[PDB]
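Next comes entry_6.pdb, with PDB, C-alpha atoms.
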```pdb
ATOM      1  CA  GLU S   1     256.043 -54.113 144.685
ATOM      2  CA  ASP S   2     256.462 -51.801 141.717
ATOM      3  CA  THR S   3     254.477 -48.583 141.989
ATOM      4  CA  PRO S   4     253.475 -45.736 139.650
ATOM      5  CA  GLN S   5     256.111 -43.119 138.937
ATOM      6  CA  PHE S   6     256.110 -39.877 137.084
ATOM      7  CA  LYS S   7     258.385 -39.886 134.055
ATOM      8  CA  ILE S   8     259.414 -36.500 132.742
ATOM      9  CA  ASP S   9     261.393 -36.253 129.480
ATOM     10  CA  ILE S  10     263.398 -33.072 128.932
ATOM     11  CA  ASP S  11     263.496 -32.171 125.264
ATOM     12  CA  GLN S  12     267.109 -31.368 124.455
ATOM     13  CA  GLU S  13     266.394 -29.587 121.174
ATOM     14  CA  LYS S  14     263.610 -27.414 122.570
ATOM     15  CA  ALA S  15     265.836 -26.459 125.485
ATOM     16  CA  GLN S  16     268.794 -25.754 123.147
ATOM     17  CA  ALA S  17     266.439 -23.714 121.001
ATOM     18  CA  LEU S  18     265.078 -21.674 123.905
ATOM     19  CA  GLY S  19     268.563 -21.245 125.342
ATOM     20  CA  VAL S  20     267.934 -22.891 128.688
ATOM     21  CA  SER S  21     270.817 -24.904 130.136
ATOM     22  CA  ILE S  22     270.164 -28.522 131.052
ATOM     23  CA  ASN S  23     271.976 -27.850 134.336
ATOM     24  CA  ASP S  24     269.520 -25.060 135.267
ATOM     25  CA  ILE S  25     266.676 -27.397 134.374
ATOM     26  CA  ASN S  26     267.918 -30.329 136.511
ATOM     27  CA  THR S  27     268.875 -28.180 139.509
ATOM     28  CA  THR S  28     265.507 -26.407 139.384
ATOM     29  CA  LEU S  29     263.630 -29.721 139.191
ATOM     30  CA  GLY S  30     265.833 -31.470 141.783
ATOM     31  CA  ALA S  31     266.040 -28.563 144.277
ATOM     32  CA  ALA S  32     262.315 -27.826 144.117
ATOM     33  CA  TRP S  33     260.985 -31.391 144.285
ATOM     34  CA  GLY S  34     263.796 -33.327 145.966
ATOM     35  CA  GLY S  35     265.422 -30.613 148.034
ATOM     36  CA  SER S  36     269.035 -29.470 148.008
ATOM     37  CA  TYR S  37     271.623 -29.408 150.796
ATOM     38  CA  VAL S  38     273.249 -26.080 150.057
ATOM     39  CA  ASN S  39     275.743 -25.539 152.892
ATOM     40  CA  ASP S  40     275.984 -25.244 156.695
ATOM     41  CA  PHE S  41     274.899 -22.675 159.236
ATOM     42  CA  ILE S  42     275.356 -22.206 162.961
ATOM     43  CA  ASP S  43     272.336 -22.807 165.159
ATOM     44  CA  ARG S  44     272.880 -21.955 168.837
ATOM     45  CA  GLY S  45     276.594 -22.694 168.484
ATOM     46  CA  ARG S  46     276.182 -25.994 166.568
ATOM     47  CA  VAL S  47     276.913 -26.500 162.844
ATOM     48  CA  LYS S  48     273.781 -27.682 161.050
TER      49      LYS S  48
ATOM     50  CA  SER N   1     272.989 -48.501 123.845
ATOM     51  CA  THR N   2     275.160 -47.328 120.946
ATOM     52  CA  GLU N   3     271.931 -46.201 119.238
ATOM     53  CA  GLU N   4     271.092 -43.846 122.098
ATOM     54  CA  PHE N   5     274.625 -42.437 122.175
ATOM     55  CA  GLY N   6     274.497 -41.999 118.416
ATOM     56  CA  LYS N   7     271.497 -39.707 118.554
ATOM     57  CA  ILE N   8     272.919 -37.460 121.220
ATOM     58  CA  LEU N   9     272.284 -33.928 119.936
ATOM     59  CA  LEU N  10     275.429 -31.848 119.552
ATOM     60  CA  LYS N  11     273.787 -28.853 117.903
ATOM     61  CA  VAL N  12     271.118 -27.516 115.585
ATOM     62  CA  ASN N  13     272.308 -25.655 112.489
ATOM     63  CA  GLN N  14     271.169 -22.215 111.266
ATOM     64  CA  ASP N  15     268.629 -23.972 109.044
ATOM     65  CA  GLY N  16     267.081 -26.416 111.527
ATOM     66  CA  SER N  17     269.496 -29.088 110.275
ATOM     67  CA  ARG N  18     270.719 -31.321 113.124
ATOM     68  CA  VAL N  19     274.180 -32.594 114.131
ATOM     69  CA  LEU N  20     274.130 -35.836 116.095
ATOM     70  CA  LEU N  21     277.084 -37.575 117.788
ATOM     71  CA  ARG N  22     277.044 -40.310 115.113
ATOM     72  CA  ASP N  23     277.768 -37.588 112.543
ATOM     73  CA  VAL N  24     281.160 -36.812 114.067
ATOM     74  CA  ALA N  25     282.103 -40.178 115.575
ATOM     75  CA  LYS N  26     281.903 -43.935 115.317
ATOM     76  CA  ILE N  27     279.930 -45.434 118.195
ATOM     77  CA  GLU N  28     280.449 -48.952 119.462
ATOM     78  CA  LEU N  29     281.018 -51.114 122.488
ATOM     79  CA  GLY N  30     284.755 -51.676 122.941
ATOM     80  CA  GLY N  31     287.294 -52.262 125.673
ATOM     81  CA  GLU N  32     288.106 -49.690 128.333
ATOM     82  CA  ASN N  33     291.545 -50.248 126.975
ATOM     83  CA  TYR N  34     292.983 -52.327 124.186
ATOM     84  CA  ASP N  35     296.404 -53.140 125.604
ATOM     85  CA  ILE N  36     295.931 -56.773 126.586
ATOM     86  CA  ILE N  37     295.177 -59.638 124.249
ATOM     87  CA  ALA N  38     295.380 -63.315 125.118
ATOM     88  CA  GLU N  39     295.413 -66.619 123.226
ATOM     89  CA  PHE N  40     294.830 -70.183 124.369
ATOM     90  CA  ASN N  41     296.882 -72.506 122.186
ATOM     91  CA  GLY N  42     296.795 -69.897 119.444
ATOM     92  CA  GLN N  43     293.048 -69.413 119.714
ATOM     93  CA  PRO N  44     291.402 -66.120 120.907
ATOM     94  CA  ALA N  45     290.834 -66.118 124.660
ATOM     95  CA  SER N  46     290.319 -64.235 127.838
ATOM     96  CA  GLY N  47     291.084 -65.148 131.404
ATOM     97  CA  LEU N  48     291.602 -64.364 135.026
TER      98      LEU N  48
ATOM     99  CA  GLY Z   1     236.498 -51.689 142.395
ATOM    100  CA  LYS Z   2     239.917 -51.586 144.037
ATOM    101  CA  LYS Z   3     240.150 -55.378 143.974
ATOM    102  CA  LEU Z   4     239.535 -55.246 140.211
ATOM    103  CA  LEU Z   5     242.359 -52.759 139.629
ATOM    104  CA  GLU Z   6     244.665 -55.063 141.587
ATOM    105  CA  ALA Z   7     243.458 -58.270 139.919
ATOM    106  CA  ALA Z   8     243.784 -56.640 136.494
ATOM    107  CA  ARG Z   9     247.397 -55.716 137.148
ATOM    108  CA  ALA Z  10     248.159 -59.139 138.616
ATOM    109  CA  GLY Z  11     246.820 -60.871 135.518
ATOM    110  CA  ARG Z  12     244.410 -62.880 137.655
ATOM    111  CA  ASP Z  13     241.957 -63.864 134.916
ATOM    112  CA  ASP Z  14     239.527 -65.785 137.111
ATOM    113  CA  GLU Z  15     239.377 -63.137 139.832
ATOM    114  CA  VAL Z  16     238.595 -60.545 137.158
ATOM    115  CA  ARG Z  17     235.511 -62.554 136.222
ATOM    116  CA  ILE Z  18     234.399 -63.068 139.829
ATOM    117  CA  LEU Z  19     234.318 -59.329 140.513
ATOM    118  CA  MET Z  20     232.666 -58.853 137.116
ATOM    119  CA  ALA Z  21     229.950 -61.312 138.096
ATOM    120  CA  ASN Z  22     229.727 -59.373 141.341
ATOM    121  CA  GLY Z  23     229.266 -55.841 140.046
ATOM    122  CA  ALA Z  24     232.713 -54.248 140.289
ATOM    123  CA  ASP Z  25     233.043 -51.081 138.182
ATOM    124  CA  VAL Z  26     235.033 -51.989 135.030
ATOM    125  CA  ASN Z  27     235.985 -48.322 134.587
ATOM    126  CA  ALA Z  28     237.307 -47.778 138.132
ATOM    127  CA  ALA Z  29     240.380 -45.525 138.316
ATOM    128  CA  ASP Z  30     243.367 -45.367 140.679
ATOM    129  CA  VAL Z  31     245.258 -42.274 141.868
ATOM    130  CA  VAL Z  32     246.890 -41.651 138.472
ATOM    131  CA  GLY Z  33     243.701 -42.278 136.489
ATOM    132  CA  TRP Z  34     244.469 -45.824 135.366
ATOM    133  CA  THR Z  35     241.559 -48.154 134.672
ATOM    134  CA  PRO Z  36     241.798 -51.961 134.898
ATOM    135  CA  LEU Z  37     242.180 -51.737 131.127
ATOM    136  CA  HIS Z  38     245.217 -49.408 131.460
ATOM    137  CA  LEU Z  39     246.782 -51.927 133.861
ATOM    138  CA  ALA Z  40     246.054 -54.993 131.712
ATOM    139  CA  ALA Z  41     247.406 -53.105 128.689
ATOM    140  CA  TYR Z  42     250.634 -52.035 130.426
ATOM    141  CA  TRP Z  43     251.534 -55.429 131.919
ATOM    142  CA  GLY Z  44     250.468 -57.213 128.719
ATOM    143  CA  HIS Z  45     247.564 -59.273 130.080
ATOM    144  CA  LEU Z  46     245.655 -60.036 126.870
ATOM    145  CA  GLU Z  47     242.958 -62.358 128.248
ATOM    146  CA  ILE Z  48     241.972 -59.659 130.774
ATOM    147  CA  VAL Z  49     241.983 -56.921 128.131
ATOM    148  CA  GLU Z  50     239.360 -58.930 126.249
ATOM    149  CA  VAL Z  51     237.226 -59.769 129.286
ATOM    150  CA  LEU Z  52     237.132 -56.097 130.305
ATOM    151  CA  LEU Z  53     236.179 -54.825 126.854
ATOM    152  CA  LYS Z  54     233.503 -57.545 126.764
ATOM    153  CA  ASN Z  55     232.093 -56.311 130.061
ATOM    154  CA  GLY Z  56     231.972 -52.827 128.540
ATOM    155  CA  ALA Z  57     235.061 -50.988 129.771
ATOM    156  CA  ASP Z  58     235.697 -47.565 128.213
ATOM    157  CA  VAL Z  59     238.237 -48.228 125.471
ATOM    158  CA  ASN Z  60     239.295 -44.572 125.196
ATOM    159  CA  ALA Z  61     239.643 -44.023 128.945
ATOM    160  CA  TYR Z  62     242.550 -41.679 129.660
ATOM    161  CA  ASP Z  63     244.750 -41.116 132.722
ATOM    162  CA  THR Z  64     245.574 -37.774 134.357
ATOM    163  CA  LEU Z  65     248.124 -37.013 131.624
ATOM    164  CA  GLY Z  66     245.774 -37.880 128.774
ATOM    165  CA  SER Z  67     247.189 -41.302 127.991
ATOM    166  CA  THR Z  68     244.944 -44.162 126.806
ATOM    167  CA  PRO Z  69     245.392 -47.956 126.993
ATOM    168  CA  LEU Z  70     246.273 -47.864 123.285
ATOM    169  CA  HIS Z  71     249.216 -45.678 124.270
ATOM    170  CA  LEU Z  72     250.448 -48.266 126.770
ATOM    171  CA  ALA Z  73     249.813 -51.282 124.547
ATOM    172  CA  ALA Z  74     251.609 -49.704 121.590
ATOM    173  CA  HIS Z  75     254.435 -48.265 123.660
ATOM    174  CA  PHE Z  76     255.444 -51.539 125.321
ATOM    175  CA  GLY Z  77     255.025 -53.487 122.092
ATOM    176  CA  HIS Z  78     251.966 -55.551 122.982
ATOM    177  CA  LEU Z  79     250.856 -56.296 119.413
ATOM    178  CA  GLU Z  80     247.851 -58.512 120.122
ATOM    179  CA  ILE Z  81     246.404 -56.076 122.665
ATOM    180  CA  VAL Z  82     246.880 -53.236 120.141
ATOM    181  CA  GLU Z  83     244.770 -55.264 117.705
ATOM    182  CA  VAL Z  84     242.106 -56.126 120.298
ATOM    183  CA  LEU Z  85     241.863 -52.474 121.441
ATOM    184  CA  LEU Z  86     241.644 -51.117 117.901
ATOM    185  CA  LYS Z  87     238.958 -53.597 116.889
ATOM    186  CA  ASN Z  88     236.989 -52.526 119.947
ATOM    187  CA  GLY Z  89     237.076 -48.966 118.654
ATOM    188  CA  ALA Z  90     240.170 -47.511 120.306
ATOM    189  CA  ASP Z  91     240.904 -44.019 118.960
ATOM    190  CA  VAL Z  92     243.968 -44.711 116.815
ATOM    191  CA  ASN Z  93     244.862 -41.008 116.787
ATOM    192  CA  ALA Z  94     244.377 -40.335 120.518
ATOM    193  CA  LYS Z  95     246.720 -37.722 121.955
ATOM    194  CA  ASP Z  96     247.909 -37.393 125.556
ATOM    195  CA  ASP Z  97     248.532 -33.972 127.136
ATOM    196  CA  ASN Z  98     251.850 -33.895 125.268
ATOM    197  CA  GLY Z  99     250.239 -34.364 121.883
ATOM    198  CA  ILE Z 100     251.801 -37.813 121.799
ATOM    199  CA  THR Z 101     249.961 -40.551 119.871
ATOM    200  CA  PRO Z 102     250.160 -44.360 120.017
ATOM    201  CA  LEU Z 103     252.034 -44.134 116.696
ATOM    202  CA  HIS Z 104     254.711 -41.786 118.091
ATOM    203  CA  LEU Z 105     255.235 -44.266 120.925
ATOM    204  CA  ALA Z 106     255.365 -47.396 118.736
ATOM    205  CA  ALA Z 107     257.804 -45.650 116.400
ATOM    206  CA  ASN Z 108     260.106 -44.539 119.232
ATOM    207  CA  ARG Z 109     260.470 -48.107 120.501
ATOM    208  CA  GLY Z 110     260.713 -49.419 116.920
ATOM    209  CA  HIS Z 111     257.625 -51.666 117.111
ATOM    210  CA  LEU Z 112     257.157 -52.195 113.327
ATOM    211  CA  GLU Z 113     254.311 -54.729 113.491
ATOM    212  CA  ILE Z 114     252.365 -52.414 115.806
ATOM    213  CA  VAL Z 115     253.191 -49.383 113.639
ATOM    214  CA  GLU Z 116     251.722 -51.253 110.640
ATOM    215  CA  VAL Z 117     248.480 -52.111 112.451
ATOM    216  CA  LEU Z 118     248.056 -48.524 113.655
ATOM    217  CA  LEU Z 119     248.560 -47.292 110.103
ATOM    218  CA  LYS Z 120     246.100 -49.961 108.977
ATOM    219  CA  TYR Z 121     243.431 -48.336 111.171
ATOM    220  CA  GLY Z 122     244.242 -44.933 109.693
ATOM    221  CA  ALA Z 123     246.750 -43.479 112.133
ATOM    222  CA  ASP Z 124     247.652 -39.960 111.030
ATOM    223  CA  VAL Z 125     251.294 -40.198 109.991
ATOM    224  CA  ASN Z 126     251.460 -36.404 109.889
ATOM    225  CA  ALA Z 127     250.298 -35.926 113.481
ATOM    226  CA  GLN Z 128     252.760 -33.793 115.447
ATOM    227  CA  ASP Z 129     253.363 -33.651 119.210
ATOM    228  CA  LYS Z 130     253.949 -30.505 121.314
ATOM    229  CA  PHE Z 131     257.441 -30.262 119.796
ATOM    230  CA  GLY Z 132     256.165 -30.594 116.216
ATOM    231  CA  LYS Z 133     257.540 -34.114 115.763
ATOM    232  CA  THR Z 134     256.039 -36.911 113.691
ATOM    233  CA  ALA Z 135     256.525 -40.658 113.831
ATOM    234  CA  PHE Z 136     258.750 -40.228 110.800
ATOM    235  CA  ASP Z 137     260.786 -37.510 112.497
ATOM    236  CA  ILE Z 138     261.304 -40.003 115.320
ATOM    237  CA  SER Z 139     262.377 -42.896 113.084
ATOM    238  CA  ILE Z 140     264.980 -40.671 111.404
ATOM    239  CA  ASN Z 141     266.371 -39.446 114.722
ATOM    240  CA  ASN Z 142     266.632 -42.979 116.074
ATOM    241  CA  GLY Z 143     268.286 -43.939 112.796
ATOM    242  CA  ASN Z 144     265.653 -46.635 112.262
ATOM    243  CA  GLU Z 145     265.830 -47.100 108.488
ATOM    244  CA  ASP Z 146     263.366 -49.995 108.269
ATOM    245  CA  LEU Z 147     260.715 -48.012 110.171
ATOM    246  CA  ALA Z 148     261.668 -44.774 108.380
ATOM    247  CA  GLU Z 149     260.691 -46.111 104.943
ATOM    248  CA  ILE Z 150     257.486 -47.739 106.215
ATOM    249  CA  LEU Z 151     256.372 -44.189 107.028
ATOM    250  CA  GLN Z 152     256.521 -42.925 103.438
TER     251      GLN Z 152
ATOM    252  CA  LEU T   1     301.300 -37.332 184.529
ATOM    253  CA  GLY T   2     301.121 -33.546 184.869
ATOM    254  CA  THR T   3     303.243 -33.733 188.011
ATOM    255  CA  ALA T   4     302.494 -30.946 190.489
ATOM    256  CA  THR T   5     299.737 -31.694 192.869
ATOM    257  CA  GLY T   6     297.754 -30.765 189.822
ATOM    258  CA  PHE T   7     294.185 -31.166 188.851
ATOM    259  CA  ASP T   8     292.893 -30.702 185.304
ATOM    260  CA  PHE T   9     289.358 -29.373 185.122
ATOM    261  CA  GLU T  10     287.061 -28.711 182.178
ATOM    262  CA  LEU T  11     284.274 -26.163 182.280
ATOM    263  CA  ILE T  12     281.603 -26.990 179.740
ATOM    264  CA  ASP T  13     278.798 -25.273 177.806
ATOM    265  CA  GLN T  14     275.931 -27.783 178.136
ATOM    266  CA  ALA T  15     273.179 -25.662 176.713
ATOM    267  CA  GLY T  16     273.176 -22.995 174.101
ATOM    268  CA  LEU T  17     275.302 -20.605 176.046
ATOM    269  CA  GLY T  18     278.110 -19.358 173.788
ATOM    270  CA  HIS T  19     281.698 -18.207 174.307
ATOM    271  CA  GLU T  20     280.943 -14.994 176.232
ATOM    272  CA  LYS T  21     278.620 -16.581 178.787
ATOM    273  CA  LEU T  22     281.075 -19.464 179.177
ATOM    274  CA  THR T  23     283.865 -16.958 179.875
ATOM    275  CA  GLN T  24     281.737 -15.139 182.487
ATOM    276  CA  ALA T  25     281.004 -18.432 184.197
ATOM    277  CA  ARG T  26     284.714 -19.220 184.109
ATOM    278  CA  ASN T  27     285.600 -15.916 185.719
ATOM    279  CA  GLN T  28     282.976 -16.515 188.359
ATOM    280  CA  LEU T  29     284.547 -19.906 189.135
ATOM    281  CA  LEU T  30     288.082 -18.481 189.244
ATOM    282  CA  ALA T  31     287.061 -15.660 191.625
ATOM    283  CA  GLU T  32     285.420 -18.131 193.967
ATOM    284  CA  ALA T  33     288.427 -20.498 193.880
ATOM    285  CA  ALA T  34     290.677 -17.582 194.781
ATOM    286  CA  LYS T  35     288.704 -17.155 198.009
ATOM    287  CA  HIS T  36     290.048 -20.475 199.239
ATOM    288  CA  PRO T  37     293.845 -20.124 199.404
ATOM    289  CA  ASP T  38     293.580 -22.695 202.203
ATOM    290  CA  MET T  39     292.530 -25.369 199.726
ATOM    291  CA  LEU T  40     293.235 -24.235 196.150
ATOM    292  CA  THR T  41     296.273 -22.512 194.710
ATOM    293  CA  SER T  42     297.055 -21.171 191.230
ATOM    294  CA  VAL T  43     293.609 -21.831 189.786
ATOM    295  CA  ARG T  44     293.991 -20.440 186.309
ATOM    296  CA  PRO T  45     292.739 -20.836 182.706
ATOM    297  CA  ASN T  46     294.982 -22.910 180.445
ATOM    298  CA  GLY T  47     293.868 -21.018 177.305
ATOM    299  CA  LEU T  48     293.899 -17.505 175.828
TER     300      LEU T  48
END
```
Turn the structure described in the file into structure tokens.
Amino acid sequence: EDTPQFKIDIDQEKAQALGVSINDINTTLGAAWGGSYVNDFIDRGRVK
Amino acid sequence: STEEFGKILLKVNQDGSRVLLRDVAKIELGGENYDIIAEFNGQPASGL
Amino acid sequence: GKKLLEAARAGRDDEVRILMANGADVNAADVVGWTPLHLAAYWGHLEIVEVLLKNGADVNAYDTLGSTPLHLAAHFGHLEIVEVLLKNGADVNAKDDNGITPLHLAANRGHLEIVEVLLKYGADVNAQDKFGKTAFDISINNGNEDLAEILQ
Amino acid sequence: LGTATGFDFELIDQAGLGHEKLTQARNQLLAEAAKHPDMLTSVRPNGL
């Protein structure tokens, strides 16, 4: 069934005015709240 | 919608005046390409 | 309480009455601060919006972001419910945490009938949101000419 | 078909051991094999 969700509108003008890139905004939101797979590392000999 | 594309914000002028996409372009639904045109007995058609 | 929230969303008119005539709190709120009135307003269940107001549900109840049922009704173009709410004393100029009014929301979606009613109950056409925008500012941006001249 | 008498054996790191510990274990195996000229001959690594 449908469920409540949290709609956030980015204001393009305000952001343009303040000089904040939309890409910095979406990465910041997405990385913080959704998580971001950056790259790999080696844990006890295995790529993870 | 064409309306939403039309109001895409391209920039804000020195004097708060705004430039939207519809101010530099015509916006409409149209074919991915316009190279093929068919007729059925002289009348406008499409087909598979 | 929880059964009323559910029944209100489901548009189950009869069940709403049962739990009314059984003492369920008409102003019960879910996790996001929505009353049965919020739910009825959002999903456009008119007959339940009336029953709830009749059984004394707070008409200016707000959710955790400051939004009222008049916001929802107006936003999703539920004209009749906007009328019902307003007659039952819904704050026509209510602002959510964004400084957004029911008029901003009606304008954005181009709900002219609703915009007229709101104005008819004295909606402040000059009211600005957190970004300084008015309903008029919105109508211009959307290129809604019909709506844009109604707001003059 | 490898001709020879020939056997083809793989020593394996089954835990977190790493290249250096695997090499030590390999050397250990090779030294032991060399103590049985009666049974094994030319037991050698195939790699570098």
For segment 24-29 of chain T, please output as a ChimeraX atom specification all residues within 12 Å (counting only C-alpha atoms; exclusion window: fewer than 2 positions along the same chain). /T:9-13,17-22,31-36,40,43-47
Taking every listed atom of segment 5-14 of chain T and adding 5 Å to each side, what centre and edge lengths in Å (one decimal) does the axis-aligned box have, as lines of an AutoDock Vina configuration file?
```
center_x = 287.8
center_y = -28.5
center_z = 185.3
size_x = 33.8
size_y = 16.4
size_z = 25.1
```
Can you list, as a PDB file with C-alpha atoms, keeping the file's coordinate frame, the residues that the PyMOL selection byres ((chain Z and resi 24) around 12) selects here?
```
ATOM      1  CA  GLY Z   1     236.498 -51.689 142.395  1.00  0.00           C
ATOM      2  CA  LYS Z   2     239.917 -51.586 144.037  1.00  0.00           C
ATOM      3  CA  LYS Z   3     240.150 -55.378 143.974  1.00  0.00           C
ATOM      4  CA  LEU Z   4     239.535 -55.246 140.211  1.00  0.00           C
ATOM      5  CA  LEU Z   5     242.359 -52.759 139.629  1.00  0.00           C
ATOM      6  CA  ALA Z   7     243.458 -58.270 139.919  1.00  0.00           C
ATOM      7  CA  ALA Z   8     243.784 -56.640 136.494  1.00  0.00           C
ATOM      8  CA  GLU Z  15     239.377 -63.137 139.832  1.00  0.00           C
ATOM      9  CA  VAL Z  16     238.595 -60.545 137.158  1.00  0.00           C
ATOM     10  CA  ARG Z  17     235.511 -62.554 136.222  1.00  0.00           C
ATOM     11  CA  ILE Z  18     234.399 -63.068 139.829  1.00  0.00           C
ATOM     12  CA  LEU Z  19     234.318 -59.329 140.513  1.00  0.00           C
ATOM     13  CA  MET Z  20     232.666 -58.853 137.116  1.00  0.00           C
ATOM     14  CA  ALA Z  21     229.950 -61.312 138.096  1.00  0.00           C
ATOM     15  CA  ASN Z  22     229.727 -59.373 141.341  1.00  0.00           C
ATOM     16  CA  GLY Z  23     229.266 -55.841 140.046  1.00  0.00           C
ATOM     17  CA  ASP Z  25     233.043 -51.081 138.182  1.00  0.00           C
ATOM     18  CA  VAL Z  26     235.033 -51.989 135.030  1.00  0.00           C
ATOM     19  CA  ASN Z  27     235.985 -48.322 134.587  1.00  0.00           C
ATOM     20  CA  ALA Z  28     237.307 -47.778 138.132  1.00  0.00           C
ATOM     21  CA  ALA Z  29     240.380 -45.525 138.316  1.00  0.00           C
ATOM     22  CA  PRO Z  36     241.798 -51.961 134.898  1.00  0.00           C
ATOM     23  CA  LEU Z  52     237.132 -56.097 130.305  1.00  0.00           C
ATOM     24  CA  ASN Z  55     232.093 -56.311 130.061  1.00  0.00           C
ATOM     25  CA  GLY Z  56     231.972 -52.827 128.540  1.00  0.00           C
ATOM     26  CA  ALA Z  57     235.061 -50.988 129.771  1.00  0.00           C
TER      27      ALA Z  57
END
```
With chain S as the partner and 12 Å as the cut-off, tabulate the residues of chain N that qualify, each row holding the nearest pair of atoms and their distance in Å to one decimal, using all atoms listed in the file, sorted by chain and rising number, as a Markdown table.
```
| residue | atom | partner | partner_atom | distance |
| --- | --- | --- | --- | --- |
| N:7 | CA | S:12 | CA | 11.1 |
| N:8 | CA | S:12 | CA | 9.0 |
| N:9 | CA | S:12 | CA | 7.3 |
| N:10 | CA | S:13 | CA | 9.5 |
| N:11 | CA | S:16 | CA | 7.9 |
| N:12 | CA | S:13 | CA | 7.6 |
| N:13 | CA | S:17 | CA | 10.5 |
| N:14 | CA | S:17 | CA | 10.9 |
| N:16 | CA | S:17 | CA | 9.9 |
| N:17 | CA | S:13 | CA | 11.3 |
| N:18 | CA | S:13 | CA | 9.3 |
| N:19 | CA | S:13 | CA | 10.9 |
| N:20 | CA | S:13 | CA | 11.2 |
```
So how far away is atom CA of residue 84 of chain Z from atom CA of residue 62 of chain Z, in Å?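 These atoms are spaced 17.2 Å apart.
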Need to verify the contact set: residue 1 of chain N, 10 Å, all atoms listed in the file, exclusion of same-chain residues closer than 3 positions in sequence. Can you return it as a list in words? residues 4, 5, 6, 27, 28 and 29 of chain N
Apply the PyMOL selection byres ((chain S) within 12 of (chain Z)) to the file shown and report the selected residues as a list in words. residues 1, 2, 3, 4, 5, 6, 7, 8, 9, 10, 11, 12, 13, 14, 15 and 17 of chain S
Nearest residue to chain S out of T:8, T:37, T:15, T:30, using all atoms listed in the file?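 Distance minimum relative to chain S lands on T:15.
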Using 10 Å as the limit and counting all atoms listed in the file, can you tabulate each residue of chain S that touches chain T, with its shortest atom-to-atom distance in Å and the two atoms involved, as a tab-separated table?
```
residue	atom	partner	partner_atom	distance
S:43	CA	T:16	CA	9.0
S:44	CA	T:16	CA	5.4
S:45	CA	T:18	CA	6.4
S:46	CA	T:16	CA	8.6
```
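Relative to atom CA of residue 145 of chain Z, atom CA of residue 24 of chain N is found at 19.3 Å.
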Find the residues of chain Z that sit at most 8 Å from chain N; for each, write down the nearest two atoms and how far apart they are in Å, to one decimal. Count all atoms listed in the file. Sort by chain, then by number going up, and give it as CSV.
```
residue,atom,partner,partner_atom,distance
Z:141,CA,N:7,CA,6.4
Z:142,CA,N:7,CA,6.4
Z:143,CA,N:3,CA,7.7
```
Given the PyMOL selection byres ((chain Z and resi 135-140) around 10), the residues it picks as a ChimeraX atom specification: /N:7 /Z:100-110,115,124-129,132-134,141-152
Tell me, as a count of residues only, which residues lie within 10 Å of residue 11 of chain Z, counting all atoms listed in the file; anything in the same chain fewer than 3 positions away does not count. 15
Just to confirm, what's the straight-line distance from atom CA of residue 120 of chain Z to atom CA of residue 73 of chain Z in Å (one decimal)? 16.1 Å
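Within 9 Å of the file-frame point (256.7, -49.1, 130.8), and using all atoms listed in the file, the polymer residues found are residues 42, 43, 72, 75 and 76 of chain Z.
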